[PDB]
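# sequence first, structure after, both from an experimental entry:
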Amino acid sequence: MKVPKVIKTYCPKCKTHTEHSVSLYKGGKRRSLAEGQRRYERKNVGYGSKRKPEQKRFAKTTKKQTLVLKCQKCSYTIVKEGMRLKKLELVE
RNA sequence: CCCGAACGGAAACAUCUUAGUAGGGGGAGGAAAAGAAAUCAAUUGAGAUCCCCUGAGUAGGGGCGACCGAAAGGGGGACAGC
RNA sequence: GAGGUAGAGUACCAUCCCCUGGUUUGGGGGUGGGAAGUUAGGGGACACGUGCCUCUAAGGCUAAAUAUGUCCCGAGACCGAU
RNA sequence: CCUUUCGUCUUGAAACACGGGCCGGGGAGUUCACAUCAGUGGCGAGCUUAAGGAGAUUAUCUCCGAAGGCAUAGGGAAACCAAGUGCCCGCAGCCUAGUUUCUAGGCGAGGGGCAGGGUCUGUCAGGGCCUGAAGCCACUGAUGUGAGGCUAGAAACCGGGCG
RNA sequence: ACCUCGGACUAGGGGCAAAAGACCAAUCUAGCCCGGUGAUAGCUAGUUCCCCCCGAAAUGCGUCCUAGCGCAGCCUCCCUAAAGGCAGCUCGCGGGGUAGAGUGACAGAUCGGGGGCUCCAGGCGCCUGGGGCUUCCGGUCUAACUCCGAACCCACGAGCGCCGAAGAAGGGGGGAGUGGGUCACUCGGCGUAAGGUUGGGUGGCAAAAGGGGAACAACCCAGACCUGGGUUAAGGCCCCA
RNA sequence: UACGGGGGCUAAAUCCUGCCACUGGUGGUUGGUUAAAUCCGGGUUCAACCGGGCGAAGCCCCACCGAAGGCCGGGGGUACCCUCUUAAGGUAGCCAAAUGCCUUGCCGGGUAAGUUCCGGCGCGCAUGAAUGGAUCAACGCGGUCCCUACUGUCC
RNA sequence: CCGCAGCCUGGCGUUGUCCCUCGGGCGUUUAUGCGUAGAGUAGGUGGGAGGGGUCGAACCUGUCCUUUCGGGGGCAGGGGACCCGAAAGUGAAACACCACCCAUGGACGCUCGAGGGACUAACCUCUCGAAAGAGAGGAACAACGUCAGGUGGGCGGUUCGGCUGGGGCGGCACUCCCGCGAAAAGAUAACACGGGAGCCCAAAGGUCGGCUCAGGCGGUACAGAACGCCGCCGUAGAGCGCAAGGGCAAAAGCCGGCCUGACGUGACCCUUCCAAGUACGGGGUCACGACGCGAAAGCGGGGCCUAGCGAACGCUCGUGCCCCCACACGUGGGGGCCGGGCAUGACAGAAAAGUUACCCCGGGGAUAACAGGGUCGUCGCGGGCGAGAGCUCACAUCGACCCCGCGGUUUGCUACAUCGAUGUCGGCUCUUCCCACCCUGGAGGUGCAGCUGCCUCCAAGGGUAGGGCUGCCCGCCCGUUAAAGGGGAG
RNA sequence: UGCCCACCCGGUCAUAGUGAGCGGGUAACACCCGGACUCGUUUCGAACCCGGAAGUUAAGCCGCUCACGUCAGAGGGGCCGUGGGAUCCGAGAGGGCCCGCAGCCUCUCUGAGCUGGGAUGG
């Protein structure tokens, strides 16, 4: 697909339809020392089999594409619903 | 007091649990152990330890799965401290 | 009033391992470092700082209150010779 | 005169399926704890004493002992907030005169439907939950769950010894 | 590389094996005994007093699931609740594309003739044969065609009819088994077929004795409180009888 | 204490498993490099120090020598052609082998008949010379086939 | 799927002393600096108009080093005492003193490397020695401990999907969708049939406006059946993204204009999933708010409608706050919500390879193999009919294409019976049955001179061998005989 | 008066349609006049938009006739189902019969526009 860089949509803080910056969604860094991460080593310490099952088989060819819009007039950022696509082209 | 199991359970099973039990080794006594806080808790309080009833399946742990699982305080027993 | 004493590879720290709810927080050990020590230290749920509160280890030793039937008295909605 | 042999598995299969010589004796849904219900009783905005102590003809018994737990308010993670009333239909019973024999009408407990209120959430409608004042204890009972778990039945694996 | 005797040593996930997974005490794809341990069984067999009342399913969805379970439906028992409830029919009023029928009403399938137009081959401008196009006329089929279209089945209202305060629409609660069905008839599909399989509806049987069909789970008659009398059903009536 | 210690295939024995591309040497050269000694110039009041021409042998190069070391494939196509290692591409043998499908290749032996076996010829789908192919002396309670003698195995 | 031994490498400790070249440093020792304008070396910031001054300066004269030989910096004597300005320039001034930074070199005690070397006193190896102790070689290595990484079926535990007309192979009927199945309510099976999806579209989306298609006819240069143009007809025969079904004409089709509603938040409801429980997903109807389109009504939370998709846990993102302790407070760091993404196609979500013919266990006739029953595609046989050949003539005999029947001799399916056993091929012996008659008996026809033939019908009383090859059956063959029939009886 | 006759606004959505022929208009309705302004023609006043308005029943509109399409009625012909039941027939396929219902096609003939709300014309 093709999507323009700027889309006039509603801004919750601006309480009307405003211009926005549109870009793909990117996951953040794993951010070690998380509670869900801390227990991993505390569960991996000692002797035993691979404590947590890990996925090895993959079925879906692609992954869901998500749109991220930022509200220029108030620096707000909104999170949109995902969708399955080949590759979301950001060219206007 | 050291060493240290599998069986099963998770309807599979590997983390986990079954479990510091079964069992090994050492060493006593008629009881042993422990015993005088680097204890608690929290509006500035209590006052060794032990066991009994509660606190309580609460706190908290774990493919958050089966399950495991306190303490503090209160109530009893005798309450000895050098 | 003045002066003095008050326990080291011990606390504590990093790491690996063990276990217990102890979890970024517990205790033990191996390994490496490693203090202060009275004008000392520790502790008061992640770390650090600040104040406030309470204890003083790294040596002892200890009456009773409970664990049990190889045994001895007693009792029993325990059976009558497969 | 009419009549396939017991039990079980089983769509039927029982009669070519299994287990069945005879007799006698033995022999299999129990125990606890929790949860929940029923039935039963005691008390009641309380209930309930445990563990435990004292006295006693001594495990019986009597008194004492709320320790505690459940209910007595819910929402949400929290900071916190935090109700119990108001309409209507209407059973039994009662009252009214007829009782002609009675929904003829009222009163109407209970109950039902619209409400309302507290709470979080949503910017309002809303949405989720709670709220109309009764549970606790004791016995027996039943079922689920955990313990060998109705009875009996395996290859397995492990520890320690003995060849 | 003979054979054998007495002594001695090698221990089980080990020992030995001129090695067959052989032997190691009759126990060897991992020795024995005792203890974990009353291990694990979604499997297999048994499960014991009487009377009486009531009284099923073999289906759907999910499941490393089809030899079991969860949620349903189907049962029994209890309490509350207080006038309606509806397994049938009739009327009224709606829904339908199936049986059938049609193909010039689409989609396709498919047989022939006639007329005209066009091209080619042959023969003497003509004729014949063949090729393409059109028109007209005729016929043959459709689970995946429907211009039409029943019986029929279903919704709702009213009516009829039945049950109902002796024995009660709704609500709550305790306890289950049931998830392998089969056959007969009837309308399908698969397959020629099948006491085959797989669907819709009904009926038994399962759990239903009694009478007939010779005996018999299911075929017909017909639902066993008991004794007795009588009349009858499905069937039968020469003898067995 | 390596003619050893341990580990792996095998089972005795016998026989089959044209080329100078590189090096070495020899011979030579248009041509390039090449030490010591010597000449010239700068520079130094002379010496130390910088560049220019001559510079032997060896090396750079070519050809030959393989009873000099030694070497001597595969693929494409139809035993042969062709690029490269590096020059060519291993002759030869064996075979109805366990290899051959037409099958019982055909024929002969052996019997009345032989789907068994043996041997011979040659159509090699698809042998192509190494942990392979061929090979039987002696040996075997090994397996198959045939003959004699034998004989109640049979009729 | 993995885990643990062992092995290799490296780090740390047992780990000592001299060094040695270089590159790093540690705390020190010191000394070295011109874009232009200007008395002139302003390298860049500070306190600082005072700093030096028998608490020794200006002046010039040389020895000396260096440099962009610009020029400054260090030497005592000759000289016994003087210069910079708060004054002139510089986007930034004082060679007025003392500080910081960059930058060049050497050295001091310590550390690390590229490393290298040496020694012995650790320690190791061996010998002597009763002990004590001594001697010989390697060496701060090795070896051990510990940690990490690589390898690691040497050893240990495990799984080895599901559906299935036995199982495996086969395929996915295992996730969702169209029609048919399917029988005019709904629901309704098949490893039934014909098919699709794991997307694509910033425009293929919203709205407004305009035009009407496929196709055919007549006339015009190139001109053509079909490029364009002018007229006539054309009820969909086109087109609408992707399979099918349906729907659609001033449109949902085609062409332009403007847009981003393919909207945020909170809802109810349909299908999923009938009656009669339920995850997703899709879809519909809303309110609040703001948008966009059009004059407007109004229409727009995606595609004309029906397929285009993923729980817990954990991770990440956005969101405004909330919480972090047995004392409070501060900072950091964490935790929670609410929603989004990261996947599981075995698609209602374990992390998962083969053999066991050395197997073992509890079962299974809910189920394979031999053996009954049902059936008859095949097999054998029969009959109908009759193209054809036989000299003529279908039926003496052969009968093609077709059609209708029988048997349950093999062979195909069926799983009703048997899995706590109905012991499996052949053959031997022995008994019996049947007739679709091989011979023997009777009768007949004949393309029957006679024999030999060929064929039909009746007839099951009797007989129907012996050998070779092959285990058989089957099959080939030998020599006689009347021939050397075929089948049943678990 | 009137009512229907067209018109504007419709409902029914073909019995109301299509095609041809003819008839009707001095109002109504169109045809038709012209574009400077409004607006507008990826050329054009074609069309649309605006300003109009001579002529005119030829279009259209309207009525009528005839054809076809199409709804019904009747006739002829075509074709033929299904519920309910039986130890009825038939081996089966199938069929009859008693109890209840039908419809389908195709030719012939006969009809074939209805109606609400308002300003013109008779």
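Now that the structure is in, tell me what you want to look at. Numbering: from 1, shown residues only, chains lettered A, B, ... in the order given.
# use CA for all of it now, contacts and neighbours both
Fine.
# any idea how far residue A:13 is from the spatially most central residue of chain A?
Closest residue to the average C-alpha location of chain A: residue A:25 at 4.4 Å, with CA atoms, centre = their mean. To residue A:13, residue A:25 is 21 Å away according to CA to CA, to the nearest Å.
# got it, and residue A:37?
Taking CA to CA, one finds residue A:37 at 34 Å from residue A:13.
# again with residue A:72
Residue A:72 is 11 Å from residue A:13, where distance means CA to CA.
# burial of residue A:20, as a residue count?
When neighbours are defined as other CA atoms under 10 Å, residue A:20 has 23 of them.
# up against RNA strand B, what does chain A have?
Neighbours of RNA strand B within chain A, by CA under 7 Å from any atom of the strand: A:39, A:43-44, A:46-53.
# and these as CSV, adding distance to RNA strand G?
Converted to CSV, these look like this (distance: CA to the nearest atom of the strand, whole Å):
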residue, distance to RNA strand G
A:39, 9
A:43, 12
A:44, 10
A:46, 8
A:47, 5
A:48, 5
A:49, 5
A:50, 4
A:51, 5
A:52, 6
A:53, 4
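# quick one: buried ones out of those?
With burial judged by 16 or more other CA atoms under 10 Å, the buried subset of the residues of chain A next to RNA strand B is empty.
# host element of residue A:60?
Using DSSP states H and E, residue A:60 falls within no helix or strand.
# brain fart, residue A:80
Counting by DSSP H and E, residue A:80 is found in strand A:76-84.
# what comes into contact with that strand?
For strand A:76-84, contacts defined as CA atoms under 8 Å, 6 or more residues apart in numbering pick out A:11, A:13, A:62-71.
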